[PDB]
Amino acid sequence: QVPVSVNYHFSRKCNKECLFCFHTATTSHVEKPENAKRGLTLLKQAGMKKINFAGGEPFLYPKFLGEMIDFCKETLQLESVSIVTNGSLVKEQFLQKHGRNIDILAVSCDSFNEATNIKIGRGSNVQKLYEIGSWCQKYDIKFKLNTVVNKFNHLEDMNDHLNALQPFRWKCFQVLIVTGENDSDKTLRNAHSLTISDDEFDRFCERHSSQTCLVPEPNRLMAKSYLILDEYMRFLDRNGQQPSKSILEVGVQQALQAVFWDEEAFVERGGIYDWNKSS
């Protein structure tokens, strides 16, 4: 297997408290920028073309994030560099310094009601979201949305906002139940209350049939179709077995085979696309 698109969850720490979080703040480890430049360079030669900087909240570590996305673009010559943010801590001066090297910026908002955001776990607003879009236009970054369809917001009509906001990519996740993260009271979270049925999700997706960018991801396709990197730089298996050893201590090949990655769901959910800043 060739790791084309990789999600580097370099930290688990965050300033929000979404009830359904499936990458909880179980540890506060973050890698040295020396070791992270090992893994990303090791992963580039292995076949990586898109990197996604996610985790807990990546803008809690703006210096690390800034050093890596510059390294990933300028010296690694990577096809596409992405970031996924909740939007609270994003600031324009960051996009001044590094926006030349950001190819896709993904702001995730689950509702446009401040009341719904409160119930889900975002205290507050949406003016920030429109602001980041304005910044993305100025600094030539591709702007995408990530909303999670859950019990609170599965009835909403988000069309009017998405025509003006107009993202090139709009992911709608059916709430996922990662075992170990948000499947019991023992864990940091418990998302079973926010679960919605297959038809509840389809009503949401069918309601936004006017949206061309809409890319749905039910639990069929989201569960085991991602290449996830720990803060310790090890691939996470979402099939049942424990995580691999670090790519820093063993290398990419041994780490990838220690994890199940369904390349068919990867292609079905639209994992390969026009991810570059051109074309």
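The numbering used is simple: start at 1 and walk along the sequence shown.
_Between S134 and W135 - deposited residues without coordinates, as a size class_ = Count of unmodelled residues in between: none.
*169-177 versus 205-213: which one carries the higher mean Cα B factor per the record?*
Averaging CA B-factors over each stretch, the winner is 205-213.
_Mean Cα B-factor comparison, 42-50 or 250-258, giving the higher one as deposited_ = Stretch with the higher mean C-alpha B-factor: 250-258.
*Per the coordinate record, which of the options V81, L89, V126, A106 holds the highest CA temperature factor?*
Of the candidates given, the C-alpha B-factor peaks at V126.
*asked:* Taking only the Cα B-factors deposited for this chain, tell me whether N146 sits in the lowest, middle or highest third.
replied: Its C-alpha B-factor belongs to the lowest third of this chain's values.
*asked:* Could you place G240 in the lowest, middle or highest third of its chain by Cα temperature factor, using the values in the record?
replied: For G240, the deposited C-alpha B-factor lands in the highest third.
*Name the third of the chain's ranked CA B-factors that contains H98, choosing lowest, middle or highest.*
Ranked within chain, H98 CA B lands in the highest tercile.
*Of the three thirds of its chain by CA temperature factor, lowest, middle or highest, which one includes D230?*
Ranked within chain, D230 CA B lands in the lowest tercile.
_Sorting by Cα B-factor within the chain, modelled residues only, which third would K224 end up in: lowest, middle or highest?_
Lowest third of the chain for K224's C-alpha B-factor.
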